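First, one chain by itself in structure tokens, the form deposited in one PDB entry.
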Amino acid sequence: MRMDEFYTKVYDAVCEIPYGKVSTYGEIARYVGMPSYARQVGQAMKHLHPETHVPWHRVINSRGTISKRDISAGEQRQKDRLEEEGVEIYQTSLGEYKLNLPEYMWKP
């Protein structure tokens, strides 16, 4: 399966995530038949263009947190986008932004 196919598949999936809901790299990976490629779902996201109709903000990690960026602290920009969709987000004891995954996670 071509990388550009994957990349397409992924975006297709993300866009299916309803307003106010969320998903995760892994789940998306599995959704589109590429279970081991969670990191690459990362990649996909990171490669979109800032002015995109894609709900990249609806995608977080397995642990229900928002993931630190080795480049570009717009993880802030991700929290904000969620709070508008109405999403209780708590900084963990450390400065991590967490949320009640079971409550928010989405499934077709």
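Start at 1 with the first residue shown and count on from there. What we label the rigid core is the largest C-alpha set whose atoms superpose within 1.5 Å from one form to the other.
Form deposited in another entry: not shown, discussed below.
Visitor: For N61, decide whether the Cα shift between the shown form and the other one is 2 Å or greater, given a superposition on the rigid core.
Guide: No.
Visitor: Between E88 and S72, does the Cα distance in the other form come out closer or farther than in this form, changing by 3 Å or more?
Guide: Distance between the C-alphas of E88 and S72: shorter in the other form, by 3 Å or more.
Visitor: With a shift of at least 3 angstroms, figure out whether the C-alpha spacing between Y7 and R69 grows or shrinks in the other form: closer or farther?
Guide: Compared with the shown chain, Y7-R69 is farther in the other form.
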